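Taken one at a time, structure 1 and structure 2 that follow are two forms of one protein chain, written as structure tokens.
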Structure 1
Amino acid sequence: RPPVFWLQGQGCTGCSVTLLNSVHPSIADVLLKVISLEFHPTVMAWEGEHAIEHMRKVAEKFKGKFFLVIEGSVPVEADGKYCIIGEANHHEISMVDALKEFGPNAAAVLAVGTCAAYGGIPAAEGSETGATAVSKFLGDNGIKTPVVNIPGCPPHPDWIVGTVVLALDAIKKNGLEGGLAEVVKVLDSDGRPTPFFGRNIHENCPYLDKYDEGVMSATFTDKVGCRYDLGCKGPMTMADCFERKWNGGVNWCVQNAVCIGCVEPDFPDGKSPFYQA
């Protein structure tokens, strides 16, 4: 069981909560048989320098073989001081330090959530912390470890468990190396798996006919017309929400209100204002 360390930078813990909503039949097996979730500050038993020391001991024993889940962006301003994730040996560990320490020795990095993937809200207009996407930070620092983006704010849990499963199958068929090669074969130019983000919401939207007809809802509660005039970002968004829906299939953003393009690299600025065309 390869270890997984789940590091949170500038996140809102929403990527951990969304995962806790999973109904994927594989999820318990993943966590109980496939990998070992050795470090996760929200849920793990131990704390502080003890938790950090444990992570470091496991990292050493499994150098080259462990996986990093990163949630949240990495702020580079003010020498990394806008995100301190722990302390050990009387030394504060910034998110900047943690990525430079663990980044090089991981087998791969999953950047979960639009923050980690692309900058997301902490990087948007008016921010001041140098919040940076995982892949850009690692590249800027000459760390060549492969990164897969699983974006969304938050992602659907099936996008997270789904990517682990397709990664697990690729490695079982071909090893760590052949395995990883096969997974790039299914990533788009934004580093995200085409199984979940390969299709456009609008082209597959049940209100597409209304859109083509020019019939637009004038109030959120009119569920008959297209949501375009209310601000729907479906036309510019690539996700499978239209099919799997959210929270055990009970609803989704377009039925309920509007799509805000939460999975897209320009979220939120390129998707704003949210409530105008």
Structure 2
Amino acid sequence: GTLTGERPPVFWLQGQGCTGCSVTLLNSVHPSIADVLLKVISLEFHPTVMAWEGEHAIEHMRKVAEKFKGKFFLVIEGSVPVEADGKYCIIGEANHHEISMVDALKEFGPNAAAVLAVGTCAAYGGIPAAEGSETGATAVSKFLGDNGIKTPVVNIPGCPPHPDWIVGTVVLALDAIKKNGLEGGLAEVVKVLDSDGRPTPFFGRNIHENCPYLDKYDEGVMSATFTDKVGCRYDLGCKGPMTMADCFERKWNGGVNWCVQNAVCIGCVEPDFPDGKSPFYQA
């Protein structure tokens, strides 16, 4: 990239998120987050990092959204709670009116080029939608569909996603758009999504079938304590067999570790996370 290159506008809205999807992005190695922000995208609204605040920040987003109607990318971090008329997630106030996440997604969703549902909460509901919850936490694609909003959605799940899945999906989309324009490019992106909306370059391969401990699994050699790194982790709860992600190769945090080496996979990229992957520490 270059400081003077074309950089599309991005709004990043937090619903029922934990800010971990933002933090994981800050950990991008190549390109670094400084390069992403200064050379790849124009992050026009993001409550955790932006300079302005309050109604002025909301109005700035609205002005950019009007100027770039149909052309901005909308990132959602967290689920969208529909109970109690949206009151379980208020994202701002302007013109003496509170703005719920429900309101915000109905406002900006129809006018985005694409919605990037970043993290398992946004993609599939995640922990806020799990058993024992009562807020009506809803996945982005379902919320948009229920409200007749047709904007394309790309899911980039994980709890959190790896930074490379987020940045890499942005790069893949921007490349497709450079080659084919916005509509043709998004069509090419949609063609490489699996049935759960996930890009196949990152989510097209199963952890277990590519796991370094697969020989031990097949031999029935299972670790009985977490600190035994020779055996397979299946009896300790590893959900690798049911999980589609490239962690076995990409690893985490600059390649220093990953979940299976360190402990177990908890299936964090899967639509049934957490309840369908729990208990975490039993098969």
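Counting starts at 1 and follows the sequence of structure 1. In this text, rigid core is short for the largest set of C-alphas that superpose within 1.5 Å between two forms.
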Check your understanding: If you line up the core, which of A51, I35, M238, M216 has a CA that moves 2 Å or more between the two structures?
Key -> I35
Exercise for review: Just grab the Cα shift of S26 between the two structures for me, core aligned, in angstrom.
Suggested key: 6.8
Study note, to complete from the structure: Rigid core fixed, the Cα of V184 shifts between the two structures, in Å, by 1.1
Revision key, fill the gap. Taking the rigid core as reference, the Cα of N204 travels between the two structures a distance in Å of 0.1
